[PDB]
Structures are given as structure tokens and as C-alpha cells.
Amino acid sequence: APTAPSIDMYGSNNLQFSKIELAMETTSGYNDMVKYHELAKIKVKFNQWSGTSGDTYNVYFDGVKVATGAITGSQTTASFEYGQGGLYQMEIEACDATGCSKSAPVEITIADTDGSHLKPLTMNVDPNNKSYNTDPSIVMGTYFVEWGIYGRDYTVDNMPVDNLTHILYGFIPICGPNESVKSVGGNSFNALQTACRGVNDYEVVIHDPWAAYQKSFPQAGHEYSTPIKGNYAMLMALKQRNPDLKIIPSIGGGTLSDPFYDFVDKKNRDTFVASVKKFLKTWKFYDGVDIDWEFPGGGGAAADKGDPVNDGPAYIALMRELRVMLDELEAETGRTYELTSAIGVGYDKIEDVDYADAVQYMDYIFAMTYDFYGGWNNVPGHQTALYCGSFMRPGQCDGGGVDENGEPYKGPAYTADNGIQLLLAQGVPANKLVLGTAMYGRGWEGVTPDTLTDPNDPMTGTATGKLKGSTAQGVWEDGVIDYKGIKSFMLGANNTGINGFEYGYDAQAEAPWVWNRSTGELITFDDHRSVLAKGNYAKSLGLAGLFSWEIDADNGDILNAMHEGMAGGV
């Protein structure tokens, strides 16, 4: 016979509670901003404004008692803990010696990072992406980048997820030496320094917490009280839509690889492996780990780093130790966790690692079969070709010849097939190898007719510098252009060339280009024809599948060709 409680929804954080506590209104150290609790802290205010309040309250979720306490006046705060994420029908009852009176039920939310409190995500995918019936055993991967939500305006709901088996989320940095990040200019180093305040060196952190979990996305129904927002809440709602889709954080990349060179000290691996375990127990929508160390032995962004004697053994030991750790997680959760890595495939990268040994611990190797040539110098070539191009010299394909100095080639040329053949020869199984497709071009200025040695092949010319362009044409940095920008502004609808560009295809390499004879602008990229050739190649050798870099740069054509290529090769 007390008065039945009324729940104070606004005084109770809108009944939005969470196993994870995330700073929403600051940018600080990662340990300061993110705290994951095994039990969510629940605090519910209720009122009994008239009649008697009684002496004790009970709280029910879906009819089960989860808390009790004292009522002492006309307003009570019920504080307790609860361990399971989800949406529940909550009732609060007030009691005295004569009996009990229950509130009407109200939905309470307990967020967890597997997205168990969320509806399936609503998609907004460009309809140029077609539907396919591709064998689900074939890998079809892509990278989604954390910063694609800014100028590129490409959000998680834009991904053609029914055409994907694996989303690699780029990139998770590691605290410690990161001079290469500084060299990129902008805010990227400063953001990292902030995220690492109060964090041990060699531990992982989130680079941009605004993009990852603070930014409110209207399309995902985020409201002020939503306890998890950003890309990560959207990936959580994506897992409810597509439970078999693997979503994997990619650690490192070209500019964030500096700390890996200290992994020759096992204490630094232990610190890192432990922080990755904690990271996956914190963000449960993730299904494994991808290690993008560019590169064991060196030759990447860090000019003064690289140890060709010890980096390969360190990489293999790292893979062994991550697999141990992931097996602990599989035991704790009942889930499968995957271990993968994206790797350089020039012969001088491959020779520094015994991949046949490393790969026994791994599910997949994503072969970076792109960036073979690029704006960093003035030598044109196909950046993502399957085979050796018409432009190459005698003995250059297999490395048995001499260059224009008369200098012996130090190894076989940079092509996808040479890279893949070198891995198979070390004894990596074909069915663990994933072949990469570029969703972007690299290019140059100043490759005019007078520089060519063969007048029908601009890959025989010489450049004056990197391609220049605006973000409106998909050029986010010098010498790189989105495939969707190439299609809009250089190929046009009929794929024959606009705005002074012509299209060419090197049938021996399996590689397209567009060339503007007057500016000497030349761009090397993947198109519908080269991507069908890559799918036939992957089929012929019994590779795991295909992957691409990066998804925001496609308009549908590249991913469609990946699926069409894997249906039809032979």
C-alpha cells in the first residue's frame, strides 16, 4: 500500500546505461577516456509524490529481481550493478509491512560493445554496387578508414556490406616512437601524443576518439544520451545486421609502423600483446587482429629503422604470441578470433621474413599487390599489375638483367605475380593468400610525348613530379587519386577518356592507364578488365580470395569487378 514509484527518466540519464564509460566532451589520454566495467553501474531515480513511500524497494528486469534497498523519503535513488548488455523491461516496486505497489514497466538500455542493445544498421549504399551470389567461402575484403568520415564524407552505413566478408578498420596506432607520423604534418602526431598521455609505450590506443565513438550520426539514430556513438557504434549495429561479417582492427600501416621496430625486445611484444587482449575485451564487435607492419627489415617510412637479421624472427614470434593470446580469448568467449597481416610483396620485403613459418599461426595474409610504382619518384610503371609490363627491359622481369646504368637488377621486378610466386616458393599455402586490388590510382605530371622511348607506351616516359589535383576530383594528396575521381574526370561514362585524357591497357601486364599528352599527367590504377584478370589468377592458383584498399574510393565498379572476376575466371 505504498504509492507505486514513478521513474524520473531525465534524472536517470534517460535510462541509458553502459558497461563502457567513454568521455564524450574532451580529448585526453586513452586510459582517462575509456573505462570498461564487468558490471554496468545503474542509477535510477524515482518519486512517490503522494501517499506513503513505504520502507523498501525492489527492482525487476523482465520480471526478475536485480536489486533491493531502503526507501527513506519521497525521492529515492536506486544504485546497483548489472552484468549483461541488452534492453530490458524494468519495474520498481515499493513495499511496507502491508504489501507492495509496482511501477508501470519502462524500457531500460544497458549498452555493451558487441551491440547487443542495438537494432541492425540501416544502410545507405550507392546502387551502382550490384548483388552477387558469390560462394561465401571466398574472401572478399576491404579497408574502411577512420578519417574517411571527414572530407571524403564516407560513413559505415555507405559500405556495400553484403558484398564483403571482412572489413579491416584502419588504423590503430601504437604508443612509443612515432617520428614517421610527425613527418606527415597536420594534426595526426599531436592527436597521437594526446591519446598516449598516461599510457605505457607499446600499448595500442584509439587515434581519433571523435571519429571512433563520440561523433553523433543521425542516420544511426544517435541522441545526446546514447552511451556509444561514432564509427564504432555503427560497426556494432552493422554486426547485428550481418553477424557473419568479420570486422578486424588493423594495427600500424605505412605511417604508424615505427614502434614495431622495437619488437625485437620481447618485453615490448608482451606489453603490446597484453594491450591488444584488453582492447578486444573492451570493444567486443571486433573479431580478431590485423598486423600491418610496414615493414620488417625496413625500407618503409622510417629511413633510420629496419633490422633484416632480427625483424623477421620478431614478426614470427609476434604472430605466435598473438595466436596464444587469441586462443585465450576463444576459450573465454566461445567465439572464433582471426589473426591476419597485410605485407609488402617486393622481393626485398619478402626475403626478410620466413612467411611459411609465420603463416602457421595466421588465418590470412593480405598481399599488398599495389604501390609498385608511384609519385615518390619520376619513373612511371604499373602500380598494381599482375605481370611484367611491355615497358620493362630485357631481364628486368626475373631480375637476371641490367638497368640503364648497366647495373645488375638486385631482384625480380615489382608485380603481383612475382610477389605471389615468391610466397608460394617459401611454402606459404595458396589458400591463406589474399590478392590485393587498388581502388585508387597513383600518378605523375610531365610525362609528355617527347620523353617516351616507345611512342605508344607512356610507361616508357619520365615524369617531372607527382600528380597535382583538387579534393573535388578525388585527389586527397599529391600523386594519389580515388578510382571514383578517375572514372568521373578522366575516363567518363564510355571508358574512352575525357578532359584531354586517353585510356590505354597493357595486355601483357594486365594494367590500365589514363594519359593526358599535353600536361603529361599519367595515372596507373585497377579497372574492370584488370580486376577480372586478378580474379581469374586467384582462381587458377587456389588463393583465398581478393581484398581492396580503400572502400571509400570505389563507386561500386571495383568491388563489382572483384565479384564478377571470381565467378568467371575458369
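Residue numbers run from 1 along the displayed sequence.
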Mean C-alpha temperature factor, higher of 45 to 53 and 501 to 509: 45 to 53
64 to 72 set against 511 to 519, stretch whose average Cα temperature factor tops the other in the entry: 64 to 72
Out of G436, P449, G253, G469, highest CA B-factor residue: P449
Highest recorded Cα temperature factor - choice among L532, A538, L39, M33: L39
Third of the chain, ranked by Cα B-factor, where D352 sits: middle
Relative C-alpha B-factor of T26, binned into the chain's lowest, middle or highest third: highest
Modelled-residue ranking by C-alpha temperature factor, third containing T384: lowest
Third assignment of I558 from its chain's C-alpha B-factors: lowest
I551 CA temperature factor, ranked by third within the chain: lowest
